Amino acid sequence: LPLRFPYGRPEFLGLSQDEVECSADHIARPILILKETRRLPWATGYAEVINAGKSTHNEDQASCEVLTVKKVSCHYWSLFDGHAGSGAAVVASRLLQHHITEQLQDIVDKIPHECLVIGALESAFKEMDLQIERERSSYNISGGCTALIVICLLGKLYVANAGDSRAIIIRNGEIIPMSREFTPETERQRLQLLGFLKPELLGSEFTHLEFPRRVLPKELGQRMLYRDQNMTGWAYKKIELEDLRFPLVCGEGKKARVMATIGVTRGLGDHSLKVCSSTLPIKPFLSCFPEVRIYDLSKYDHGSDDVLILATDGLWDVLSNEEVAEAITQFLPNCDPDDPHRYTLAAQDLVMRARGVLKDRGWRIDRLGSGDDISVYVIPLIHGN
């Protein structure tokens, strides 16, 4: 089938086709930034690298614009971390904002108003999914992608997250988390519940229960700790045949997985994803619905160095919130607070601090660099006062 949109890098980078090829160098790993002569809304800074060489395309995508919800002005920043291809990421980065605009036009003025714009976003994500499900048949939309977006609507920042990217606010050196990551660990109980009530999704290969280690057949009938979908701690249970299957949810942290395949549990796409060497679908245990978090901009007067950082797992997998905050409060004093390439250079710094430098034959931050794609938005919160 033909692609739905041609693969590329975020539009606002204004790249020629040859420049895109020139950026896909797994060796050089150029850290593409926004041009001096191309300004983004709020003077937002963006920086970007390609993987170390695990996939020939940069499967991260991003886009941002000022949209107009009329029967009006809504700032939009988006970050999509694609996997198993680039179709989802590209499509979502071109059409989600339109799904946002539409779902907003329906509520453009005893339910608080913020609950309608939240509901607008969760409805929007659901219709970006679906559209990817129908057009999957007529277009090549490969893989899936995590989606993290923020809109600005009437002085409130809505950060909607569906994936493992992360958005934090640094306000006077204080880090304010504006998203939470969605993993088998943070979301075990939603999954185990679904395995129990809809057992055919486990299909006699997975148990909805969870055990502290791999359950051997020599322990068949022994007492052993387990965790159930409505449990937080652990209890014993006489191991009983069915518990020899592979555990639906297993691992610890960046080790945790659902059905030994995927480590992130929300996002878009992946309608066809099945377990390795199985006919078992995966998308049931997934959710396109984001968690929206709100930030009222008028409740505080922002300096020049009070930023909103959006990055994909490529950054947060190697650097800590703290580490990021430090490196950003330490970089911005270097640039004239009136300079607008400021934040583009802050982003480029973050990317550099995570990409690393190619040592003997590896990338090193004597800690190791990041080999995932890295995309970083540094949004200045002064432009919202």
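All residue numbers refer to positions in the sequence shown, first residue = 1.
Using the PDB record, quantify the missing residues of the deposited sequence between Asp109 and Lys110 as none, 1 to 3, 4 to 9, or 10 or more.
The entry has 10 or more unmodelled residues between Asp109 and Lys110.
Using none, 1 to 3, 4 to 9 or 10 or more, say how many deposited residues go missing between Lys71 and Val72.
10 or more residues lack coordinates between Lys71 and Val72.
Which has higher Cα B-factors on average according to the PDB entry: 354-362 or 38-46?
Per the deposited B-factors, the answer is 354-362.
In the PDB record, does 241-249 or 183-191 carry the higher mean Cα temperature factor?
Per the deposited B-factors, the answer is 241-249.
Determine which member of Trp77, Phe125, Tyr300, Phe196 has the highest CA B-factor, using the values in the deposited entry.
Max CA B-factor in the entry, restricted to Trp77, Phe125, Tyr300, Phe196: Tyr300.
In the PDB entry, which of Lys255, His83, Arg266, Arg94 has its C-alpha at the highest B-factor?
Going by the entry's C-alpha B-factors, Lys255 comes out highest.
Name the third of the chain's ranked CA B-factors that contains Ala89, choosing lowest, middle or highest.
Tercile = lowest for this residue's CA B-factor.
Please place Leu332 in the lowest, middle or highest third of its chain according to the CA B-factor in the PDB entry.
Highest third - that is where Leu332 ends up once the chain's C-alpha B-factors are sorted.
Lowest, middle or highest third of the chain for the C-alpha temperature factor of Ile132?
Lowest third - that is where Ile132 ends up once the chain's C-alpha B-factors are sorted.
Is the Cα B-factor recorded for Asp164 in the lowest, middle or highest third of its chain?
Ranked within chain, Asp164 CA B lands in the lowest tercile.
Which third of the chain does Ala346 land in by C-alpha B-factor: lowest, middle or highest?
Within its chain, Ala346 is a middle-third residue by C-alpha B-factor, going by the deposited values.
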